[PDB]
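One structure is given here, and the rest of the page talks about it.
There are 2 protein chains.
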Amino acid sequence: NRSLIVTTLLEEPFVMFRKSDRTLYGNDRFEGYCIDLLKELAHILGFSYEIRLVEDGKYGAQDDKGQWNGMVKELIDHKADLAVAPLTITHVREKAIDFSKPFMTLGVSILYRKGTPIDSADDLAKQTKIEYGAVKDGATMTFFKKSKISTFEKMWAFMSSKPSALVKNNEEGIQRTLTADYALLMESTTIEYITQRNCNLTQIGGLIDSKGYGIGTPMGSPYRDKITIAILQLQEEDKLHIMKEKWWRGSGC
Amino acid sequence: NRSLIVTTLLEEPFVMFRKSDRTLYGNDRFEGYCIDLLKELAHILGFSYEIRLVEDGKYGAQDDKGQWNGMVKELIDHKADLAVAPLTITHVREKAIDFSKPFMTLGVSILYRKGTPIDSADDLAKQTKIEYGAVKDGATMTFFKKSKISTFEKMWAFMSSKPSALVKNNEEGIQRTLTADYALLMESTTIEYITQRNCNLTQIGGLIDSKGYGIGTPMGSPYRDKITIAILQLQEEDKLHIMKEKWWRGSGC
Ligand SMILES: CN(O)C(=O)CC[C@H](C[C@H](N)C(=O)O)C(=O)O
Ligand SMILES: CN(O)C(=O)CC[C@H](C[C@H](N)C(=O)O)C(=O)O
Ligand SMILES: [Cl-]
Ligand SMILES: [Cl-]
Ligand SMILES: [K+]
Ligand SMILES: [K+]
Ligand SMILES: [K+]
Ligand SMILES: [K+]
């Protein structure tokens, strides 16, 4: 009955440093939608945890030798018991680690500065002018690296080519959409949040696919099922919809 | 340490009635790639099983009230412990049941009678003449019912419309490709097998996506993990590639 190791990274509004005048330490340093989720699971399931930020600051992708990085690596290597973060359940990652049932559903879409009236990814694929891209070693990059659709094959061709098109993280990518003629391939529910705070930014097109965020565990983890079940209970009483509204509630445009 | 209930259905060359002069009963009635897989898992993991054919003869899809049928229903309702069959791991079904790690990877493609030189699904979507379709209440139908791609949205529009375009099973669909101007949306590894036996049939286009076949269990099943691990062991020694060659080895064209 020890404290579980939780791996995570910084992403508004899922995991953040809470603001204080004193210097925070431990779990107390963190807040956000996933912190509220983790707290709720800990309570329902009766466990405690120590939260640790993944050292490379990545979600996780396979390299060209088949090696993982990011939080995925952390679970593979059993350095963490859970990955609590906006981690995308992909069948590609399901060969290295396990997921709980999804706690949020989102799609890939396009974040872009209002102005040039593009309306779809076809518009981007067919031109070099507006540069686009994704977060390096994330699920949105991999989705493009793996796709058989000739549009997304065409788009990945472009990100593959350009050195500056694959950004280190979400924050840096949002910055590029604000300071360059640049379109960031991003996840839907984050686009929602971003475009509520940043009124010169908008979503382009609708969803480019459908997927879910899950809690990551090593393969054959004994908490996988307990967590899945609690997440489903929370979901059926629409608590997760309420938790989402709490952290997405913002100004307006 | 009781015998597990296995749910299954008839599909060449995964599950079949073996040929005998006497009347078979029990597990002895069955043979095929999945039978060989089930046998191997039983041996590695030390369990026994009673195989039962799902009464409605379906893999499983949600109706318009959210209700499941087929083998998916069988696991939900705990009538079976495992689904051993060419069952497609879809995130849609992962809300009702669990999957093991995949034992085979396949994509959707098009099975069609050689003649009219179509080369892609775009060709089908854009015309009414050659009728196409899929197996009713299967993963390939659902994939079309759920898709956001305007081509597959267009194709699903057509299957949705036509009463005869959604076939009862694989067998009946293959029959329609042979006796009508008709293209069956099917899974890759089955197309391989079919087109080796039936030389007026061919595959049109490449893969339309990527996915896997897994062993289905109810949610939070205690064999899910044991089975996943054994399947991975089998896979790393490339036994599953050998098992596949055993059942796909056929004449030629
Ligand atoms: C919310 N969030 O996480 C972001 O927008 C950051 C980048 C995401 C990460 C993704 N969820 C993964 O699991 O790789 C992306 O690759 O699009
Ligand atoms: C091998 N096989 O099973 C077939 O071709 C028959 C129909 C498949 C079933 C699919 N694997 C499912 O899990 O729904 C399809 O929906 O395309
Ligand atoms: Cl830390
Ligand atoms: Cl039976
Ligand atoms: K501080
Ligand atoms: K504890
Ligand atoms: K017989
Ligand atoms: K037994």
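As given, the protein sequences belong to chains A and A', one line each in that order. A prime marks a further copy of an entry chain. Numbers 433 to 548, 669 to 805, taken from the authors' numbering, label the letters of the first sequence in order. Numbers 433 to 548, 669 to 805, taken from the authors' numbering, label the letters of the second sequence in order. Virtual Cβ for every residue (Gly too), placed ideally from N, Cα, C.
- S532 (chain A) and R776 (chain A) have their alpha carbons spaced roughly 6 Å apart.
- Secondary structure of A515 (chain A) (DSSP, three-state): strand.
- For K490 (chain A), the number of other beta carbons within 10 angstroms of its own is at least 16, and it is reported as buried.
- With 16 or more neighbouring CB atoms inside 10 Å of its own CB, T520 (chain A) falls in the buried class.
- The C-beta separation of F704 (chain A') from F696 (chain A') comes to about 6 Å, placing the pair in contact by the 8 Å criterion.
- Per the C-alpha coordinates, the member of A:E724, A:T692, A:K714 positioned closest to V524 (chain A) is A:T692.
- Look at the segment 765-780 of chain A: the residues with a C-beta under 8 Å from a C-beta of chain A' are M771, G772, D777, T780.
- Distance from the C-beta of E788 (chain A) to the nearest heavy atom of ligand 1 is not below 8 Å.
- When the alpha-carbon of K546 (chain A') is set against those of A':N433, A':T780, A':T754, A':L470, the nearest one is in A':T754.
- In the DSSP annotation of this structure, the continuous segment of the beta strand (DSSP E) that includes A735 (chain A) starts and ends at 734-739.
- The C-alpha of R461 (chain A') is placed about 9 Å away from the C-alpha of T455 (chain A').
- In chain order, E526, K527, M771 make up the part of chain A whose C-beta sits under 9 Å from the C-beta of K533 (chain A').
- Listed in chain order, the beta strand (DSSP E) elements of length 3 or more contained wholly in the segment 482-541 of chain A are 536-538.
- For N459 (chain A'), the CB stays at least 8 Å from every heavy atom of ligand 8.
- Taking C-alpha positions only, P534 (chain A) is separated from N721 (chain A) by approximately 22 Å.
- By the Cβ-count criterion, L730 (chain A) is exposed, with fewer than 16 other Cβ atoms from all chains shown falling within 10 Å of its own Cβ.
- Interface flag for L759 (chain A) against chain A' is set, since a Cβ pair is found closer than 9 Å.
- Secondary structure within the segment 732-796 of chain A: the beta strand (DSSP E) runs of 3 or more consecutive residues, fully enclosed, are 734-739, 753-756, 763-765 (chain order).
- Using a Cβ-Cβ cut-off of 9 Å, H523 (chain A) is close to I521, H523, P534, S762, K763, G764 of chain A', given in chain order.
- Put simply, the CB of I701 (chain A') is near chain A, with a gap under 9 Å to one of its CB atoms.
- Assignment of beta-bridge partners to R545 (chain A) by DSSP yields A:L753.
- Contact check for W799 (chain A') and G464 (chain A'): beta-carbon distance about 7 Å, within the 8 Å limit, so the pair qualifies.
- Per DSSP, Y457 (chain A') lies in no alpha helix (DSSP H) segment and is marked neither H nor E.
- Contiguous alpha helix (DSSP H) elements confined to the segment 675-711 of chain A occur at 691-698, taking only those with 4 or more residues.
- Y684 (chain A') is classed as buried because its beta carbon has at least 16 other beta carbons within 10 Å across all chains shown.
- As the crow flies, the alpha-carbon of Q494 (chain A') is around 28 Å from that of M771 (chain A).
- DSSP, reduced to helix, strand and coil, places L469 (chain A') within a helical segment of the structure shown.
- Under the Cβ distance rule, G478 (chain A') does not count among the residues neighbouring chain A, no pair being separated by less than 9 Å.
- With a cutoff of 8 Å, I682 (chain A') does not count as near ligand 3, since its C-beta is closer than that to no heavy atom of the ligand.
- For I483 (chain A), the distance from the CB to the nearest heavy atom of ligand 3 is below 8 Å.
- Residue-level contact by beta carbon fails for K706 (chain A') and chain A, as no gap is shorter than 9 Å.
- A distance criterion of 8 Å places the beta-carbon of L456 (chain A') in contact range of ligand 7, judged by its closest non-hydrogen atom.
- In this structure, A:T548 is the residue among A:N433, A:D689, A:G690, A:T548 with its C-alpha nearest to the C-alpha of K681 (chain A).
- For the 9 Å CB-CB criterion, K511 (chain A) and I437 (chain A) form a contact.
- In the assembly as shown, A732 (chain A) is an exposed residue. Its beta-carbon has fewer than 16 other beta-carbons within 10 Å.
- Excluding sequence positions up to five before and after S672 (chain A'), its CB lies within less than 6 Å of the CB of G757, all in the same chain and listed in chain order.
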